[PDB]
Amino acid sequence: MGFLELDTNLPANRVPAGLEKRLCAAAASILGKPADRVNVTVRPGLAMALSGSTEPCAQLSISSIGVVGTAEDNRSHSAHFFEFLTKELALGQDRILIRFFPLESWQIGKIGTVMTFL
């Protein structure tokens, strides 16, 4: 399972509509998951500085069981997510950063239990 959170200082009406769905599909493909095991949250209109600058930017966080635990894996993911997001948001590559967080099954609550038991 994958969880993506995207904070941006672009106003909601400057984020291309439906981005949460397209990022869900992109993340399924990049991380190697079916679309029904991917989650995306987009939070626009925030006040942000990225690398010291308040120019338009976005911060992506990716959490996942399994696939985000090494530099080699995350370098690959990063290349693809930067390509996707720079194009969608009309941002330079200097205006996006990503954080990757490994998760374990005992940490994910699903249908009233945790994934350890599913």
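The numbering used is simple: start at 1 and walk along the sequence shown.
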Could you say whether, by C-alpha temperature factor, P102 belongs to the lowest, middle or highest third of its chain?
-> lowest
Compared with the other modelled residues in the chain, in which third is the CA B-factor of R75?
-> middle
If you rank every modelled residue in this chain by C-alpha B factor, which third holds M1: lowest, middle or highest?
-> highest
Chain-relative CA temperature factor third for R95 | middle
Determine, from the deposited record, the chain-internal third of the Cα B-factor for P44: lowest, middle or highest.
-> lowest
